[PDB]
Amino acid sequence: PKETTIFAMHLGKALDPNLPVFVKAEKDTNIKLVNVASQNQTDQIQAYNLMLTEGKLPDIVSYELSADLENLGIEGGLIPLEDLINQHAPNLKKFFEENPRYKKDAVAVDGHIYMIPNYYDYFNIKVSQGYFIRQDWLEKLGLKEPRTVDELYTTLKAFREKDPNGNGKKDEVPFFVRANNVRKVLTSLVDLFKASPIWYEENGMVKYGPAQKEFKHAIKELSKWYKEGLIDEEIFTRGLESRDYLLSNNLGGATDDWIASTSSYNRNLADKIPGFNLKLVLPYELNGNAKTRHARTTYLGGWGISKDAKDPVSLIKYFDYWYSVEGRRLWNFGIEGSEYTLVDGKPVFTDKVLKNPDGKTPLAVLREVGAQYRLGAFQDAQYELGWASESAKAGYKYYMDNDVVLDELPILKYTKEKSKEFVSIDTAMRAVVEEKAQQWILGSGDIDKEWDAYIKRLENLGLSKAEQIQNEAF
C-alpha cells in the first residue's frame, strides 16, 4: 500500500479514493491515493490556487486548466515525464507513438512533457453540445420547431406564458443550462447568438470572444430574455443539478447541453412525465449563420508528478496503468459484474447503469462509481455508445452531416515568459468578463453605457498583448 498524495477535483467533487474504480486501481497498482482537497471543497480553481500557497506540493497534481498546469511544469513545480515514460511506461509510450496528434497536446514548447492530458476519444466522437427543445410542448401549443433565434425567442415566450405543462401555473422555465461556474453558464447561453466566451479563430487570426460586438449583442439579448422570464432566473446559481431538477419536475422547455446525456432523459422520464420528448435540433440560425462553436476538444485538463514526489517511477507506473487495456476499460466502464459484463469480449452495461432502479441516468451512475473521473486518462467512445440512446447516436451524425459544428481552437502553448504573461492576462480578463456579464444579464449594470469602459479595462489588463501572444503560437 504506497500512500500517495494527490490534488484532484472534478465537476465540483474532490476525488474520493474509496470509489470502486479507485479501490480497484489501488489493488492493481498498490497506489493508495490521499486527496489534499478536502470533501467540502467544490471550487477547483480556488482550491488549486490555495494548494500552490501551501508549501509542499502533493505527489500528483491534477487540474482542469492545462495552461496553468504546464506553467507549473515550466517553473519546476512539475517534473518532465518523457524519460520516465520511455523507461517505465510502455502503455503511454505506445499511445504517444500511435497518436502523434495527442502527443502534441502533451509536449510543451520546451520539448518536455509536464502532464498527461485527459483525452477525449476525439477521432470517434467529436461533437459535444447540441440544442434541445420540448417537442411535446411544441405540439401541445400548436407551434412549429423554431429555426431562427427570433423564432426561439417567440417560442420561449409561449412556453412561459401559455402553460405548456398544463397545471395552470406560471412555473415554466423556458430555457435553462447546466454549469458549476460562470464560464459554463455563459458557454451555453451566448452560443445561441453566435458569440464566444473564450478565444476563437477567424481566418487565421485568434480573437477574444468577450471583446467582440457579437458578445455585446448576446449579453444584451440575454438580459432582455432574463427580464421576461425566458431564461432561468437561477442560471448563475442553480448548479449542476439544474437539468435533472428542471426536466424531472416538468419545468424546463429547452437547453444547450451535451448530446448523449441530454438525450438520456426521454427514456429516463418516460413514465414520470408521459409524452416527454426533449428533441435535438440544429443550432438556431441568426441571419443565415447556422453554426455552433460547441465541439469536443482533443483533451480536457491533465495531471503531472510534482517536484516533491519521493517516488516518481512508481507514479509514472500509476499513470501508465490507465493506458493498459484493463486500466482504460476500468476508467471508462466501471467494475465488471456491477456496471458491465463482458459479452463476446466487449463490455455491455447492466440494468444498474441502463435502467437504474433509483431513477438515475446512465452517466450519473457511472460517475458515482468513479468512472469518467477526469485525471489524465484516455476516454473510449465505446463507453459512450454503450449507453447513448438511438436518438443520441443519430444526433452525432445529424450535427456532423449538416456541417454545423466549428472545431474548437486548440489550447495553444508558449515559451516560458510568454506563457507566464498570457495566463496572467487571460486570468485577469476572465474575472472582468464574468463580473460584467453577470451584472449586465441580471440588470444591475447597463451594457450600452458600460461596454466601452469594459473594453478599455480588458486592454488595460493586456488584451492586445494576449492577442499577440495568441497569434504567435498559432
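One-based numbering along the sequence shown. Take the two forms, find the largest set of C-alpha atoms that superpose within 1.5 Å, and that set is the rigid core.
Structural divergence in 5 other deposited structures of this protein between 167-175 and 293-301: following superposition by the core, 293-301 has C-alpha atoms lying farther from the shown form. Larger average C-alpha displacement in 5 other deposited structures of this protein, relative to the shown form after a rigid core fit, is seen for 20-28 when comparing 452-460 with 20-28.
Averaged over their C-alpha atoms, the temperature factors of 410-418 and 54-62 are higher for 410-418. Looking at mean Cα B-factors across 26-34 and 434-442, the upper value is held by 26-34. Across 353, 247, 280, 286, the greatest Cα temperature factor reported in the deposited entry is at 353. Residue set 302, 77, 100, 252: peak C-alpha B-factor at 100 (per PDB entry). Residue 10 sits in the lowest third of its chain by CA B factor, as recorded in the PDB entry.
Among the modelled residues of its chain, residue 290 has a C-alpha B-factor that falls in the middle third, as given in the PDB entry. Annotation for residue 121: CA B-factor lies in the middle third of the chain's modelled residues. When the modelled residues of the chain are ordered by C-alpha B-factor, residue 108 sits in the highest third. The entry lists a Cα temperature factor for residue 257 that places it in the lowest third of the chain's modelled residues.
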